[PDB]
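Q: Please read through the structure below; I'll follow up with questions.
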Amino acid sequence: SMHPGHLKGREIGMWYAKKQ
DNA sequence: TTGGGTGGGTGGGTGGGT
């Protein structure tokens, strides 16, 4: 409800690698 | 043959690889 999760690859790593 | 640890693992492996 806050993170993508549906992303695959650097897509999610560059979306918020800052975890949460 | 579909990224890498020049990002992290109280994001996850019902996402893929080193």
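Numbering starts fresh at 1 for the residues of each chain in the structure tokens, the chains themselves are lettered A, B, ... in the order given, and ligands are numbered from 1 as they appear.
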Excluding range 6-16 of chain A and residues on its chain fewer than 3 positions from it, collect all residues at most 7 Å away from it, counting only C-alpha atoms (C1' of nucleotides), and give them as a list in words.
A: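 So the residues in contact are residues 19 of chain A; 3, 7 and 15 of chain B.
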Q: Mind listing as a PyMOL selection string which residues of chain B are within 10 Å of chain A, counting only C-alpha atoms (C1' of nucleotides)?
A: chain B and resi 2-4+7-12+15-16
Q: Using DSSP on the backbone coordinates, identify all residues within chain A classified as alpha helix (DSSP H); present the result as an mmCIF file with N, CA, C and O atoms, in the first residue's frame.
A:
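As a result, result_26.cif now contains:
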```
data_model
loop_
_atom_site.group_PDB
_atom_site.id
_atom_site.type_symbol
_atom_site.label_atom_id
_atom_site.label_comp_id
_atom_site.auth_asym_id
_atom_site.auth_seq_id
_atom_site.Cartn_x
_atom_site.Cartn_y
_atom_site.Cartn_z
ATOM 1 N N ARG A 10 16.147 -3.209 -11.315
ATOM 2 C CA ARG A 10 16.521 -1.913 -10.762
ATOM 3 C C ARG A 10 15.298 -1.011 -10.639
ATOM 4 O O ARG A 10 15.340 0.020 -9.967
ATOM 5 N N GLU A 11 14.209 -1.405 -11.291
ATOM 6 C CA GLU A 11 12.980 -0.623 -11.247
ATOM 7 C C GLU A 11 12.570 -0.348 -9.804
ATOM 8 O O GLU A 11 12.254 0.785 -9.444
ATOM 9 N N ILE A 12 12.577 -1.394 -8.983
ATOM 10 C CA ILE A 12 12.202 -1.254 -7.580
ATOM 11 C C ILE A 12 13.390 -0.777 -6.750
ATOM 12 O O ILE A 12 13.222 -0.072 -5.756
ATOM 13 N N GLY A 13 14.590 -1.171 -7.164
ATOM 14 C CA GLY A 13 15.800 -0.781 -6.449
ATOM 15 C C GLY A 13 16.043 0.720 -6.561
ATOM 16 O O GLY A 13 16.643 1.330 -5.674
ATOM 17 N N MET A 14 15.576 1.313 -7.656
ATOM 18 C CA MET A 14 15.752 2.744 -7.872
ATOM 19 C C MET A 14 14.468 3.500 -7.546
ATOM 20 O O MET A 14 14.388 4.715 -7.731
ATOM 21 N N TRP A 15 13.465 2.776 -7.061
ATOM 22 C CA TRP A 15 12.189 3.394 -6.713
ATOM 23 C C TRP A 15 12.209 3.887 -5.271
ATOM 24 O O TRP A 15 11.662 4.946 -4.960
ATOM 25 N N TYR A 16 12.840 3.114 -4.393
ATOM 26 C CA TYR A 16 12.921 3.484 -2.986
ATOM 27 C C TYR A 16 13.836 2.527 -2.228
ATOM 28 O O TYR A 16 13.501 2.067 -1.136
#
```
